[PDB]
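Chemist: Chains as they are written, first to last, in the entry's author numbering: chain K, 311 to 332; chain J, 320 to 359. Even for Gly, the Cβ is constructed at its ideal location relative to N, Cα and C.
What follows is the structure, given as structure tokens:
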């Protein structure tokens, strides 16, 4: 199940992106 | 989890998405988190 680990850190790049108005 | 946030990021309209400069690359995170969810 290499697809769950791939979604664990690919929608974690969308979040850190949300962080960049600090 | 943390992605009830990203639930709100797949919802920003395409007209309202041009006002942020990170969107060139952080909208391919939207269209890729949707092909991977679809691989059930």
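(1) Considering only their Cβ atoms, is the gap separating residue 341(J) from residue 325(K) smaller than 8 Å?
(2) Quick one: list the residues of chain K neighbouring residue 322(J), beta-carbon separation under 7 Å, in chain order.
(3) Can the beta-carbon of residue 346(J) be found closer than 8 Å to that of residue 317(K)?
(4) Assuming residue 324(K) is part of the alpha helix (DSSP H), what are its boundary residues?
(5) Report the option in 315(K), 312(K) and 322(K) whose CA atom is closest to the CA atom of residue 323(J).
Modeler: With the structure as the only source:
(1) Note that the C-beta distance between residue 325(K) and residue 341(J) is not below 8 Å.
(2) Those within 7 Å of residue 322(J) in chain K are 321.
(3) For the pair residue 346(J) and residue 317(K), the CB atoms are not nearer than the 8 Å cut-off.
(4) Per DSSP, residue 324(K) belongs to the alpha helix (DSSP H) from 322-329.
(5) If we check each option's Cα against that of residue 323(J), 322(K) comes out closest.
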